[PDB]
Number of protein chains: 4
Amino acid sequence: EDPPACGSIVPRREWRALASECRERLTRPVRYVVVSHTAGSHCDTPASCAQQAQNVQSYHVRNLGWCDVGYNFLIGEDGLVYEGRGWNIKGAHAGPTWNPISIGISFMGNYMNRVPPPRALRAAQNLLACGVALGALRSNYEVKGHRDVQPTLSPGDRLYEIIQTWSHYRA
Amino acid sequence: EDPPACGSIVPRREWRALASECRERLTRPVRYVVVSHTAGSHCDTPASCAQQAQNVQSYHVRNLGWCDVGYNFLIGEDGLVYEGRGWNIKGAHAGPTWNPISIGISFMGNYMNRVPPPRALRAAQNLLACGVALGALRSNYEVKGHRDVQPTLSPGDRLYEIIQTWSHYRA
Amino acid sequence: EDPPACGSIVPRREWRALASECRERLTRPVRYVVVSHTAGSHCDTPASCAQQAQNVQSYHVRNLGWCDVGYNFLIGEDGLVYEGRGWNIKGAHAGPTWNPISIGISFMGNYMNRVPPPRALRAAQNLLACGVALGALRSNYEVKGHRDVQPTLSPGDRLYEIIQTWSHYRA
Amino acid sequence: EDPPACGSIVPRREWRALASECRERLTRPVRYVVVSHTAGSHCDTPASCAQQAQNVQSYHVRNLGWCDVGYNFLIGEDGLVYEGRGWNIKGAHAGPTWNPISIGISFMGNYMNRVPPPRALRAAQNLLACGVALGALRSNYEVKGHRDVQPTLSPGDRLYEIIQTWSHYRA
Ligand SMILES: OC[C@H]1O[C@H](O[C@H]2O[C@H](CO)[C@@H](O)[C@H](O)[C@H]2O)[C@H](O)[C@@H](O)[C@@H]1O
Ligand SMILES: OC[C@H]1O[C@H](O[C@H]2O[C@H](CO)[C@@H](O)[C@H](O)[C@H]2O)[C@H](O)[C@@H](O)[C@@H]1O
């Protein structure tokens with residue numbers, strides 16, 4: 001039915017995600033999107049990214065003992081979007097207040113003093129577009145910085161400046 | 001003898017904090033301590049640190065809309081501990097899992113490539129020595145890094161290396 | 001290797017349980033604990049509760065044809081934990097999407113109105129505490145109501161109201 | 001909430017105890033554990049053992065004029081441990097030579113020609129596990145019979161027969 005046309009996401013299977021033990025679901029349509037960054041190292045190839053996606057998840061499930069990586073999607077400098085918890089299962093990325101009402105996309109890198117490549121921004125901007133089409137995000141969703149809801153530096157200084165520019169951003 | 005004989009904590013009035021709106025209560029004696037870092041600018045005078053205390057608090061109270069600065073205590077490089085929400089009020093510093101079972105102390109500044117002065121480290125330990133003396137912290141309490149309980153670079157690679165040295169630091 | 005201290009559980013032999021015919025094992029550790037009630041008759045003596053234990057198991061074996069009583073542990077108002085399937089075996093109690101991932105303890109009786117006596121709540125909180133000690137449950141363990149995972153009143157309106165205050169209870 | 005993994009202990013407030021007025025502290029950690037028997041009437045249900053607990057204490061407080069029930073903990077055949085003077089207030093169970101150095105647990109009944117049920121024996125060993133856990137008893141704790149420390153018939157042939165069985169029992 002009017003093929004949503006937005007799936008260009010790397011499945012958990014393709015980047016070899018560990019099985020998720022999370023079972024709490026989101027209610028769609030979802031109203032907010034919170035952008036954060038991993039503050040870890042950045043990847044530029046589909047090969048190096050499949051490795052970074054795995055690391056982030058590892059640090060989340062093995063060290064913190066979380067049910068799965070905390071974000072819903074991860075964006076790489078490879079220009080590709082990586083499936084985390086997806087559009088339905090509730091993430092763990094902004095606290096008891098926002099986690100139940102928002103999706104958490106995260107750029108894989110430290111953008112305090114860097115700007116994510118266009119292709120990465122495109123994949124991000126695109127992902128959200130996918131959101132509306134599938135009906136996971138409200139047609140009029142609100143984008144937010146990670147630091148807007150938590151005392152942190154995410155999504156990075158220069159990246160944070162970039163999002164305040166987007167049309168769905170809200171103070 | 002053995003009375004409280006606690007350290008010297010700069011009270012809220014002295015650094016002119018906004019009124020605390022918090023109501024939630026911690027149940028002493030507390031078992032955990034999560035060492036963090038504001039990730040902002042540091043300070044070296046009782047004058048500039050009092051000011052820093054207010055930035056951190058205002059950002060936490062009017063930007064994020066919280067009931068008071070998130071940390072229970074804020075350490076300054078001037079060598080003094082600045083009172084946050086104290087020994088009895090539940091603070092917001094490490095997610096819904098730890099917040100109710102732990103006390104939050106934050107070193108004012110960013111310590112990725114900077115170690116805190118001896119003063120700071122002594123003021124921090126003096127506060128925990130004090131904590132046990134008042135029955136606030138459980139005698140066999142444990143110290144964890146912020147990154148040990150949540151996705152973050154906090155407290156900073158260097159301060160993290162320092163606290164891993166402490167007795168009471170565990171897993 | 002790592003059992004700090006556990007808790008006192010009534011062995012199957014002692015409440016005269018039939019031989020278990022189950023072989024499926026729960027992968028260790030376990031993250032979820034589901035609380036439910038048997039919606040049957042309550043008991044206050046160690047003697048009558050050992051009989052009440054047999055009734056629930058026999059109805060599950062001889063009438064429902066299950067390999068053993070459905071719950072991993074039974075909890076009496078005599079303040080004693082009765083052993084069902086235990087920490088190692090999977091046990092039919094809350095749907096196939098939840099049975100392979102959760103431990104299921106069930107208070108013996110219908111707590112729609114009536115609350116369980118303090119000693120029963122202590123028996124269960126200690127049981128879960130032993131679970132973490134044995135390494136059967138992870139320190140992250142999340143307590144959930146039977147009603148939170150499948151359409152039923154199961155925990156019991158007032159019992160459900162009580163577990164919600166527990167330290168590990170999640171959405 | 002009487003600190004981590006403590007095998008379900010009935011609080012004074014639950015068995016309707018009178019206020020203790022003992023002010024002598026016990027020098028922790030404690031090395032010995034003296035097992036005895038009240039030589040009074042026994043009970044098998046929590047309801048009857050609450051009344052039987054009261055009996056032992058009133059006799060110690062009103063009639064003998066001691067500050068509180070002489071035992072640190074009383075065990076019922078109902079399979080529950082009852083709190084007396086606890087892990088910190090020094091007991092009055094074995095004379096001047098042993099009272100300030102050992103913890104005193106007593107079995108409610110006369111065990112000369114009568115054996116205690118497994119549930120009671122289980123609860124006692126489980127109590128000592130929580131002891132080590134709290135830091136009141138030394139991981140290397142020595143269990144002595146009451147006969148072993150004083151010229152007395154307590155704990156009773158049949159029960160004294162069985163603690164020899166206990167691994168920590170020292171000659
Ligand atoms: O009412 C308490 C019981 O709730 C469940 O069982 C009832 O609801 C089930 C559907 O959720 C029905 O299949 C069942 O016949 C009802 O008795 C729960 O499964 C029971 O364990 C509770 O005792
Ligand atoms: O038989 C167990 C009890 O032995 C002592 O009490 C008995 O022996 C006492 C003399 O050692 C007598 O005075 C007493 O009347 C006997 O019951 C011990 O003092 C008790 O605590 C033991 O329960």
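Residues numbered from 1 in each chain as written, not as in the entry; some residues may be left out. Chains lettered and ligands numbered in written order. Heavy atoms only, no water.

- Per the deposited record, determination of this structure is attributed to X-ray crystallography, with the resolution reported as 3.4 Å.

**Overview of the overall build of chain A**
Now for step 1: Summing up its helical and strand segments, chain A has four helices and six strands in all.
Now for step 2: Along chain A, helices (α) and strands (β) appear in the sequence β-α-β-α-β-β-β-α-β-α when read from the amino end.
Now for step 3: The C-alpha atoms of chain A give 15 Å as radius of gyration, which agrees with the globular expectation for 171 residues (16 Å, within 12%).
Now for step 4: Each of the three principal axes of chain A carries a C-alpha extent, and together these read 35 × 35 × 30 Å. (Helix = DSSP H or I, 4+ residues; strand = E, 2+ residues; numbered from the N terminus. Rg over C-alpha atoms; globule rule 2.2 N^0.38 Å.)

**Some remarks on the interface of chain C and chain D**
Now for step 1: The interface is formed by 21 residues belonging to chain C together with 21 residues belonging to chain D.
Now for step 2: Taking both partners together, chain C and chain D bury about 1500 Å²; carbon and sulfur atoms supply 53% of that area.
Now for step 3: Considering only the surface of chain C that becomes buried against chain D, C:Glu14, C:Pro46 and C:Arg122 emerge as the three largest contributors, covering 33% of it.
Now for step 4: At the junction of chain C with chain D, the criterion picks out three salt bridges.
Now for step 5: For D:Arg122, the salt bridge goes to C:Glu14, with nearest N and O atoms at 2.7 Å.
Now for step 6: Run the count over chain C and chain D and you get four residue pairs in polar contact.
Now for step 7: Counting residues per element, the side of chain C that touches chain D draws most heavily on helix α2 (residues 118–134) of chain C, at six residues.
Now for step 8: Taken together, the residues of the side of chain C that touches chain D break down into 11 nonpolar, five polar and five charged. (Contact = heavy atoms within 4.5 Å. Buried area = accessible area lost by both parts, 1.4 Å probe. Salt bridge = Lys/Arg side-chain N within 4 Å of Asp/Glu carboxyl O. Polar contact = N/O pair within 3.5 Å; in protein donor to acceptor, adjacent residues only side chain to side chain. Nonpolar A, V, L, I, M, F, W, Y, C, P; charged D, E, K, R; others polar.)

**Considering the relation of the copies chain C and chain D**
Now for step 1: Of the transformation superimposing chain C on chain D, the axial component is 0.7 Å and the angular component is 180°, with the fit at an RMSD of 1.6 Å. This pairing of chains is accounted for by a two-fold axis.
Now for step 2: Comparing contact sets, 90% of the residues at the interface of chain C also lie at the interface in chain D, consistent with an isologous, same-surface contact. (Least-squares fit on C-alpha atoms.)

**A closer look at the site of ligand 1**
Residues and elements named next belong to chain C.
Now for step 1: Taken together, the residues surrounding ligand 1 are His37, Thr38, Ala39, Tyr71, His146, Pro151, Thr152 and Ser154.
Now for step 2: Within the side chain of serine 154, one N or O atom sits 3.3 Å away from an oxygen atom of ligand 1.
Now for step 3: Protein contact buries 48% of the 480 Å² of open area that ligand 1 shows by itself.
Now for step 4: In the shell around ligand 1, the residues fall into three nonpolar, five polar and no charged. (Near = heavy atom within 4 Å. Areas by Shrake-Rupley, 256 points an atom, 1.4 Å probe, with all protein chains shown as cover.)

**Topic: the site of ligand 2**
All names here are of chain D.
Now for step 1: Close contacts around ligand 2 come from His37, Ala39, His146, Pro151, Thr152, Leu153 and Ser154, and that covers them all.
Now for step 2: Between ligand 2 and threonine 152 there is a distance of 2.5 Å, counted from an oxygen atom to a side-chain nitrogen or oxygen.
Now for step 3: In the model, an oxygen atom of ligand 2 is placed 3.0 Å from a nitrogen or oxygen of the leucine 153 main chain.
Now for step 4: Protein burial of ligand 2: of its 480 Å² of free accessible surface, 44% is covered by the chains.
Now for step 5: Per-class residue counts for the shell around ligand 2 are three nonpolar, four polar and no charged.

**Section: the sheet that holds strand β1 (residues 9–10) of chain D**
Residues and elements named next belong to chain D.
Now for step 1: With mixed pairing, the six strands of this open sheet are ordered in space as β1-β4-β3-β5-β2-β6. This sheet does not close on itself; its edge strands, each paired only once, are β1 and β6 (137–145).
Now for step 2: Bridge count between strand β2 (residues 30–37) and β6: five bridges; the pairing is parallel. Residue pairing for β6: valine 34 is matched across the bridge by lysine 144. (Pairing = 2+ DSSP bridges.)

**Looking at the nonpolar core**
Residues and elements named next belong to chain D.
Now for step 1: Residues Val33, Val35, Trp87, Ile105, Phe107 and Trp166 are the most contacted members of the largest nonpolar core, which totals 30 residues.
Now for step 2: When contributions to this core are tallied by element, the ones reaching two or more residues are β2, β3 (73–75), β5 (102–107), α2 (118–134), β6 and α4 (157–162).
Now for step 3: Top element by residues in this core is α2. It accounts for seven residues. (Core = buried A, V, L, I, M, F, W, Y, C linked by side-chain atoms within 4.5 Å. Buried < 20%, exposed > 50% of the residue type's maximum accessible area, 1.4 Å probe, protein only.)

**A closer look at a nonpolar patch on the surface**
Now for step 1: The grouping of C:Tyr59, C:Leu64 and C:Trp66 at the surface amounts to a nonpolar patch, some 280 Å² of accessible area in total.
Now for step 2: With respect to the helices, strands and loops of the structure, C:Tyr59 is situated in helix α1 (residues 46–63). (Patch = residues over 30% accessible without salt bridge, like charges linked within 9 Å, V, L, I, M, F, W, Y side chains within 5 Å.)

**Things to note about the side chain of D:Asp68**
Residue and element names in this part refer to chain D.
Now for step 1: Turning to its location among the elements, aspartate 68 is positioned in the loop between α1 (46–63) and β3.
Now for step 2: Reaching out from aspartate 68, the side chain makes a polar contact with the side chain of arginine 12 at a distance of 2.7 Å.
Now for step 3: Side chain to side chain, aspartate 68 and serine 20 meet in a polar contact 3.5 Å long.
Now for step 4: Ignoring sequence-local partners within four residues, the contact set of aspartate 68 consists of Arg12, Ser20, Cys22, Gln57, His60, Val61, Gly84 and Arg85.

**Some words on the state of the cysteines**
All names here are of chain A.
Now for step 1: Within this structure, the stated rule accounts for 12 disulfides over all chains.
Now for step 2: Shown here is the disulfide that connects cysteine 6 with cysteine 130, its sulfur atoms set 2.0 Å apart. Since a negative S-S torsion denotes a left-handed disulfide, the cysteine 6-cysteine 130 link at about 70° is right-handed. Of the two residues, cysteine 6 sits in the segment before β1 (9–10) while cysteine 130 sits in helix α3 (residues 118–134), which places them 124 residues apart along the sequence. With respect to burial, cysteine 6 and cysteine 130 carry one shared label: buried.
Now for step 3: Shown here for chain A is a disulfide pattern of 1-6, 2-5, 3-4, where each number marks a bonded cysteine counted in sequence order. (Disulfide = S-S within 2.5 Å.)

**Structural notes on the packing of aromatic side chains**
By convention here, two paired aromatic rings are described through the distance between centres and the angle between planes.
Now for step 1: Applying the stated criterion to the full structure yields 15 aromatic pairs over all chains.
Now for step 2: Between the aromatic rings of A:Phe107 and A:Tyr111, the centroid separation amounts to 6.4 Å while the plane-to-plane angle is 80°, which identifies the pairing as edge-to-face. The pair A:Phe107 / A:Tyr111 is uniform in exposure class, with both members buried.
Now for step 3: An angle of 85° between the planes, with centres 6.4 Å apart, marks the rings of D:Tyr160 and D:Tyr169 as edge-to-face. With respect to class, D:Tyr160 is no different from D:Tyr169; both count as buried. (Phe/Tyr/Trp six-rings, centres within 6.5 Å; stacked < 30°, edge-to-face > 60°.)

**So, the layout of surface pockets**
Now for step 1: Looking at the second largest pocket, its volume works out to about 320 Å³.
Now for step 2: Lining the second largest pocket are 18 residues, and of these A:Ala19, A:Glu21, C:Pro29, C:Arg31 and C:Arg138 sit closest to its centre.
Now for step 3: Contributing elements (two or more residues each) for the lining of the second largest pocket: α2 (46–63) of chain A together with β2 (30–37) of chain C. (1 Å grid on protein atoms, 1.4 Å probe; cavity = no way out; pocket = protein on both sides within 12 Å on 5 of 7 lines; lining within 4 Å. Points joined across faces, edges and corners; volume = space filled by probe spheres on them.)

**Re the environment of D:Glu24**
Now for step 1: Within the secondary structure, D:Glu24 is located in the loop between β1 and β2.
Now for step 2: When the C-alpha positions of D:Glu24 and D:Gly65 are compared, they lie 16 Å apart, and in sequence the two are 41 residues distant.

**Focus on empty space enclosed by the protein**
Now for step 1: Under the definition given, this model contains two cavities of 30 Å³ or more.
Now for step 2: Quantified by volume, the largest cavity comes out at close to 70 Å³.
Now for step 3: Around the largest cavity, the lining is made up of 13 residues, and of these C:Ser8, C:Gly79, C:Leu80, D:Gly7 and D:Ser8 lie nearest the centre.
Now for step 4: Among the elements of the structure, α2 of chain C together with α2 of chain D are those that each provide at least two residues to the lining of the largest cavity.
Now for step 5: Partitioning the lining of the largest cavity into residue classes produces six nonpolar, seven polar and no charged.

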